[PDB]
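S.K.: Here you go, one structure.
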Amino acid sequence: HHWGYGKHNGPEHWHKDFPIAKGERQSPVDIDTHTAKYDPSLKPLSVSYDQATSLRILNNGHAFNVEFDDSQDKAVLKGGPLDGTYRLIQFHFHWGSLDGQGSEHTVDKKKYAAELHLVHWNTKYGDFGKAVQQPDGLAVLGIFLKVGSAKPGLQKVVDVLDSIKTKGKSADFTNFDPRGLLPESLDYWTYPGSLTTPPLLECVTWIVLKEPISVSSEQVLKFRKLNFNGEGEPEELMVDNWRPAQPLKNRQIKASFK
Ligand SMILES: COc1cccc(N2C(CN3CCOCC3)=Cc3cc(S(N)(=O)=O)sc3S2(=O)=O)c1
Ligand SMILES: [Hg+2]
Ligand SMILES: [Zn+2]
């Protein structure tokens, strides 16, 4: 049937329905810190999430997404390697069944426990749908989650997970402040890539933050209690919803720091 992360419908099978899976700018990729080029022309990232309006959290059977009201420039991303303003539409995570895996991007082959993707679309394209039809339509801010001390800002998300256990469930999730998920530094690596899940569109300018945020094992453990399946179906734990690193091909990863 449809795509997933199972043995039968996982990443290795995606190309059959989405041939772009074998494209030229697929993500995630391995960030080789020594081959990444420091580009002093990269401006600092400008993350303005003060007016962020979260709406709800939903388990879509692939991960849980926290959606935001993107009808106006409420929460945006500018600067960095970006031209124009990008609106935050949603954030979701990719995590593993074990702490040593879960991130999609890896740094020098190192896998983190999870990876937060703050999805933004280029406002010059009017709506999200048109942005996914453009080479610079999306900007995903990726933040690695390292298991260590709890991230207070993530707790609100962790607490609501019980109400969206299965595929299709959703819960109101207003007044959540995404700034609480940002690491201290905004140093980053950037390269042109794609969505890491089908349709695997190559519309993303990836901005992967150098600095991971810490989450407690208890916090990550609650991610793992989610289900890929819908209610009434056999229980399949939502874990390892990550795509392996893809070939960098003809691309250079630029770093905003040296
Ligand atoms: C407009 O809201 C949503 C909700 C959940 C996923 C997605 N989008 C879909 C599924 N989507 C269907 C419509 O055409 C584009 C791809 C997959 C997907 C994967 C993303 S990721 N892992 O590369 O950051 S981001 C993202 S997404 O673009 O936000 C969009
Ligand atoms: Hg595209
Ligand atoms: Zn993602």
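Order determines the names: the first chain of the structure tokens is A, the second B, and so forth; residues in each chain are numbered 1 upward, and ligands are numbered 1 upward as they are shown.
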Ligand 1: which residues are within 7 Å, counting only C-alpha atoms and all ligand atoms? Reply as an MDAnalysis selection string.
M.R.: chainID A and resid 65 89:90 117 119 128:129 132 140 194:199
S.K.: Given the selection you just returned, output its residues as a file containing N, CA and C atoms, formatted as a CSV table (one decimal), in the first residue's frame.
M.R.:
chain,number,residue,atom,x,y,z
A,65,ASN,N,2.8,16.5,13.7
A,65,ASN,CA,3.1,17.9,13.3
A,65,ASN,C,2.4,18.9,14.1
A,89,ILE,N,5.2,27.0,8.8
A,89,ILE,CA,3.9,26.4,8.6
A,89,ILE,C,3.7,25.3,9.6
A,90,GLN,N,4.8,24.5,9.8
A,90,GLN,CA,4.8,23.4,10.8
A,90,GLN,C,6.1,22.9,11.2
A,117,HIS,N,12.4,19.6,12.5
A,117,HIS,CA,12.3,20.3,11.2
A,117,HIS,C,11.3,21.3,11.4
A,119,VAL,N,9.4,23.8,9.3
A,119,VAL,CA,9.2,24.0,7.9
A,119,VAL,C,8.6,25.3,7.6
A,128,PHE,N,1.7,27.6,0.3
A,128,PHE,CA,2.5,26.5,0.4
A,128,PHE,C,2.5,25.6,-0.8
A,129,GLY,N,1.3,25.4,-1.4
A,129,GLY,CA,1.2,24.6,-2.6
A,129,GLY,C,2.1,25.0,-3.7
A,132,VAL,N,6.0,24.4,-3.0
A,132,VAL,CA,6.6,23.1,-3.3
A,132,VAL,C,6.7,22.8,-4.8
A,140,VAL,N,13.9,24.6,5.4
A,140,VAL,CA,13.6,23.8,6.6
A,140,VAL,C,14.8,24.0,7.5
A,194,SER,N,15.9,18.5,-0.5
A,194,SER,CA,14.5,18.1,-0.7
A,194,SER,C,13.8,17.7,0.6
A,195,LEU,N,12.5,17.4,0.4
A,195,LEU,CA,11.7,16.9,1.6
A,195,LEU,C,12.3,15.6,1.8
A,196,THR,N,12.3,15.1,3.1
A,196,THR,CA,12.9,13.8,3.4
A,196,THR,C,11.9,12.7,3.3
A,197,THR,N,10.6,13.1,3.1
A,197,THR,CA,9.6,12.1,3.0
A,197,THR,C,8.9,12.3,1.6
A,198,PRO,N,8.2,11.3,1.1
A,198,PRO,CA,7.5,11.4,-0.2
A,198,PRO,C,6.7,12.7,0.1
A,199,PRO,N,6.4,13.5,-1.0
A,199,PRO,CA,6.8,13.3,-2.4
A,199,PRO,C,8.3,13.6,-2.7
S.K.: Please give me, as a ChimeraX atom specification, the residues lying within 9 Å of ligand 2 when counting only C-alpha atoms and all ligand atoms.
M.R.: /A:130-138,194,200-204
S.K.: With N, CA, C and O atoms retained, export the selected residues as a compact mmCIF listing (two decimals), in the first residue's frame.
M.R.:
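Saved as again09.txt:
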# COMPACT_ATOMS: atom_id res chain seq x y z
N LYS A 130 2.15 26.31 -3.98
CA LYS A 130 2.98 26.82 -5.06
C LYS A 130 4.47 26.74 -4.70
O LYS A 130 5.31 26.53 -5.57
N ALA A 131 4.79 26.91 -3.42
CA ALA A 131 6.18 26.86 -2.96
C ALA A 131 6.81 25.51 -3.23
O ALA A 131 7.99 25.43 -3.61
N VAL A 132 6.04 24.43 -3.05
CA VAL A 132 6.56 23.09 -3.29
C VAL A 132 6.72 22.78 -4.78
O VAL A 132 6.97 21.64 -5.15
N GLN A 133 6.55 23.78 -5.63
CA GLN A 133 6.73 23.60 -7.06
C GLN A 133 7.90 24.48 -7.48
O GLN A 133 8.15 24.64 -8.68
N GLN A 134 8.65 25.01 -6.51
CA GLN A 134 9.78 25.89 -6.79
C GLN A 134 11.05 25.39 -6.15
O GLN A 134 11.03 24.94 -5.00
N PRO A 135 12.21 25.59 -6.82
CA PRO A 135 13.51 25.14 -6.31
C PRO A 135 13.92 25.77 -4.97
O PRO A 135 14.68 25.18 -4.21
N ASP A 136 13.40 26.96 -4.69
CA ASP A 136 13.71 27.65 -3.44
C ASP A 136 12.40 27.92 -2.70
O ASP A 136 12.26 28.93 -2.01
N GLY A 137 11.46 26.99 -2.83
CA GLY A 137 10.17 27.18 -2.22
C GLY A 137 10.08 26.97 -0.73
O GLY A 137 9.25 27.60 -0.08
N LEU A 138 10.93 26.10 -0.20
CA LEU A 138 10.93 25.79 1.22
C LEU A 138 12.28 25.99 1.85
O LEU A 138 13.31 25.88 1.19
N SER A 194 15.91 18.46 -0.50
CA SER A 194 14.51 18.10 -0.72
C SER A 194 13.80 17.74 0.58
O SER A 194 14.39 17.74 1.66
N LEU A 200 9.07 13.84 -1.67
CA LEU A 200 10.50 14.08 -1.83
C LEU A 200 10.86 15.23 -2.78
O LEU A 200 11.91 15.23 -3.41
N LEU A 201 9.99 16.24 -2.84
CA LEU A 201 10.21 17.39 -3.71
C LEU A 201 11.53 18.09 -3.42
O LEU A 201 11.89 18.31 -2.27
N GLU A 202 12.24 18.45 -4.47
CA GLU A 202 13.52 19.12 -4.34
C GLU A 202 13.29 20.63 -4.35
O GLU A 202 13.70 21.33 -5.27
N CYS A 203 12.65 21.11 -3.28
CA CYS A 203 12.31 22.52 -3.15
C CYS A 203 12.91 23.14 -1.91
O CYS A 203 12.67 24.30 -1.63
N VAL A 204 13.72 22.38 -1.18
CA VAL A 204 14.23 22.87 0.09
C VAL A 204 15.64 23.40 0.21
O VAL A 204 16.59 22.81 -0.29
S.K.: Mind the document's chain letters and residue numbers, and return as a count of residues only the residues of stretch 31-154 of chain A that DSSP labels strand (DSSP E).
M.R.: 53
S.K.: Sorted by chain and rising residue number, list the residues of chain A at most 12 Å from ligand 3 (counting only C-alpha atoms and all ligand atoms), each with its closest atom pair and distance in Å to one decimal, as JSON lines.
M.R.:
{"residue": "A:27", "atom": "CA", "partner": "ligand 3", "partner_atom_place_in_ligand_line": "1 (Zn)", "distance": 9.9}
{"residue": "A:28", "atom": "CA", "partner": "ligand 3", "partner_atom_place_in_ligand_line": "1 (Zn)", "distance": 9.3}
{"residue": "A:62", "atom": "CA", "partner": "ligand 3", "partner_atom_place_in_ligand_line": "1 (Zn)", "distance": 9.6}
{"residue": "A:63", "atom": "CA", "partner": "ligand 3", "partner_atom_place_in_ligand_line": "1 (Zn)", "distance": 8.5}
{"residue": "A:64", "atom": "CA", "partner": "ligand 3", "partner_atom_place_in_ligand_line": "1 (Zn)", "distance": 10.1}
{"residue": "A:65", "atom": "CA", "partner": "ligand 3", "partner_atom_place_in_ligand_line": "1 (Zn)", "distance": 9.4}
{"residue": "A:66", "atom": "CA", "partner": "ligand 3", "partner_atom_place_in_ligand_line": "1 (Zn)", "distance": 11.9}
{"residue": "A:90", "atom": "CA", "partner": "ligand 3", "partner_atom_place_in_ligand_line": "1 (Zn)", "distance": 9.9}
{"residue": "A:91", "atom": "CA", "partner": "ligand 3", "partner_atom_place_in_ligand_line": "1 (Zn)", "distance": 7.8}
{"residue": "A:92", "atom": "CA", "partner": "ligand 3", "partner_atom_place_in_ligand_line": "1 (Zn)", "distance": 6.1}
{"residue": "A:93", "atom": "CA", "partner": "ligand 3", "partner_atom_place_in_ligand_line": "1 (Zn)", "distance": 6.0}
{"residue": "A:94", "atom": "CA", "partner": "ligand 3", "partner_atom_place_in_ligand_line": "1 (Zn)", "distance": 6.1}
{"residue": "A:95", "atom": "CA", "partner": "ligand 3", "partner_atom_place_in_ligand_line": "1 (Zn)", "distance": 9.8}
{"residue": "A:102", "atom": "CA", "partner": "ligand 3", "partner_atom_place_in_ligand_line": "1 (Zn)", "distance": 10.9}
{"residue": "A:103", "atom": "CA", "partner": "ligand 3", "partner_atom_place_in_ligand_line": "1 (Zn)", "distance": 9.2}
{"residue": "A:104", "atom": "CA", "partner": "ligand 3", "partner_atom_place_in_ligand_line": "1 (Zn)", "distance": 7.9}
{"residue": "A:105", "atom": "CA", "partner": "ligand 3", "partner_atom_place_in_ligand_line": "1 (Zn)", "distance": 10.1}
{"residue": "A:114", "atom": "CA", "partner": "ligand 3", "partner_atom_place_in_ligand_line": "1 (Zn)", "distance": 10.0}
{"residue": "A:115", "atom": "CA", "partner": "ligand 3", "partner_atom_place_in_ligand_line": "1 (Zn)", "distance": 7.5}
{"residue": "A:116", "atom": "CA", "partner": "ligand 3", "partner_atom_place_in_ligand_line": "1 (Zn)", "distance": 6.9}
{"residue": "A:117", "atom": "CA", "partner": "ligand 3", "partner_atom_place_in_ligand_line": "1 (Zn)", "distance": 5.0}
{"residue": "A:118", "atom": "CA", "partner": "ligand 3", "partner_atom_place_in_ligand_line": "1 (Zn)", "distance": 8.0}
{"residue": "A:119", "atom": "CA", "partner": "ligand 3", "partner_atom_place_in_ligand_line": "1 (Zn)", "distance": 8.0}
{"residue": "A:120", "atom": "CA", "partner": "ligand 3", "partner_atom_place_in_ligand_line": "1 (Zn)", "distance": 11.6}
{"residue": "A:139", "atom": "CA", "partner": "ligand 3", "partner_atom_place_in_ligand_line": "1 (Zn)", "distance": 11.4}
{"residue": "A:140", "atom": "CA", "partner": "ligand 3", "partner_atom_place_in_ligand_line": "1 (Zn)", "distance": 8.2}
{"residue": "A:141", "atom": "CA", "partner": "ligand 3", "partner_atom_place_in_ligand_line": "1 (Zn)", "distance": 9.6}
{"residue": "A:142", "atom": "CA", "partner": "ligand 3", "partner_atom_place_in_ligand_line": "1 (Zn)", "distance": 8.2}
{"residue": "A:143", "atom": "CA", "partner": "ligand 3", "partner_atom_place_in_ligand_line": "1 (Zn)", "distance": 10.4}
{"residue": "A:144", "atom": "CA", "partner": "ligand 3", "partner_atom_place_in_ligand_line": "1 (Zn)", "distance": 11.4}
{"residue": "A:194", "atom": "CA", "partner": "ligand 3", "partner_atom_place_in_ligand_line": "1 (Zn)", "distance": 10.0}
{"residue": "A:195", "atom": "CA", "partner": "ligand 3", "partner_atom_place_in_ligand_line": "1 (Zn)", "distance": 7.0}
{"residue": "A:196", "atom": "CA", "partner": "ligand 3", "partner_atom_place_in_ligand_line": "1 (Zn)", "distance": 6.0}
{"residue": "A:197", "atom": "CA", "partner": "ligand 3", "partner_atom_place_in_ligand_line": "1 (Zn)", "distance": 7.1}
{"residue": "A:198", "atom": "CA", "partner": "ligand 3", "partner_atom_place_in_ligand_line": "1 (Zn)", "distance": 10.5}
{"residue": "A:200", "atom": "CA", "partner": "ligand 3", "partner_atom_place_in_ligand_line": "1 (Zn)", "distance": 10.6}
{"residue": "A:204", "atom": "CA", "partner": "ligand 3", "partner_atom_place_in_ligand_line": "1 (Zn)", "distance": 11.2}
{"residue": "A:206", "atom": "CA", "partner": "ligand 3", "partner_atom_place_in_ligand_line": "1 (Zn)", "distance": 10.9}
{"residue": "A:208", "atom": "CA", "partner": "ligand 3", "partner_atom_place_in_ligand_line": "1 (Zn)", "distance": 11.8}
{"residue": "A:240", "atom": "CA", "partner": "ligand 3", "partner_atom_place_in_ligand_line": "1 (Zn)", "distance": 11.9}
{"residue": "A:241", "atom": "CA", "partner": "ligand 3", "partner_atom_place_in_ligand_line": "1 (Zn)", "distance": 9.0}
{"residue": "A:242", "atom": "CA", "partner": "ligand 3", "partner_atom_place_in_ligand_line": "1 (Zn)", "distance": 7.9}
{"residue": "A:243", "atom": "CA", "partner": "ligand 3", "partner_atom_place_in_ligand_line": "1 (Zn)", "distance": 9.0}
S.K.: Give me, as a PyMOL selection string, all polymer residues having an atom no more than 9 Å from residue A:183, counting only C-alpha atoms and skipping those fewer than 4 positions away in the same chain.
M.R.: chain A and resi 143+179+209+211-214
S.K.: For those residues, write N, CA and C atoms to a file as an mmCIF file, in the first residue's frame.
M.R.:
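Output file out21.cif follows:
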data_model
loop_
_atom_site.group_PDB
_atom_site.id
_atom_site.type_symbol
_atom_site.label_atom_id
_atom_site.label_comp_id
_atom_site.auth_asym_id
_atom_site.auth_seq_id
_atom_site.Cartn_x
_atom_site.Cartn_y
_atom_site.Cartn_z
ATOM 1 N N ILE A 143 17.158 21.071 13.525
ATOM 2 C CA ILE A 143 17.820 21.156 14.811
ATOM 3 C C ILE A 143 17.940 19.741 15.332
ATOM 4 N N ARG A 179 10.137 29.317 19.886
ATOM 5 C CA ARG A 179 11.441 29.857 20.275
ATOM 6 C C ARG A 179 12.053 28.995 21.372
ATOM 7 N N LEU A 209 21.216 23.617 11.955
ATOM 8 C CA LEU A 209 21.947 24.286 13.023
ATOM 9 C C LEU A 209 23.063 23.431 13.552
ATOM 10 N N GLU A 211 24.489 23.677 16.502
ATOM 11 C CA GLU A 211 24.243 23.341 17.900
ATOM 12 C C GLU A 211 22.956 22.557 18.172
ATOM 13 N N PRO A 212 23.077 21.360 18.757
ATOM 14 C CA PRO A 212 21.883 20.563 19.049
ATOM 15 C C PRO A 212 21.194 21.121 20.283
ATOM 16 N N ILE A 213 19.946 20.728 20.512
ATOM 17 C CA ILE A 213 19.255 21.131 21.729
ATOM 18 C C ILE A 213 19.212 19.823 22.520
ATOM 19 N N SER A 214 19.120 19.919 23.843
ATOM 20 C CA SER A 214 19.055 18.732 24.688
ATOM 21 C C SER A 214 17.617 18.427 25.069
#
S.K.: Restricting the calculation to only C-alpha atoms, which member of A:216, A:108, A:256, A:188 is positioned closest to residue A:35?
M.R.: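 Distance minimum relative to residue A:35 lands on A:108.
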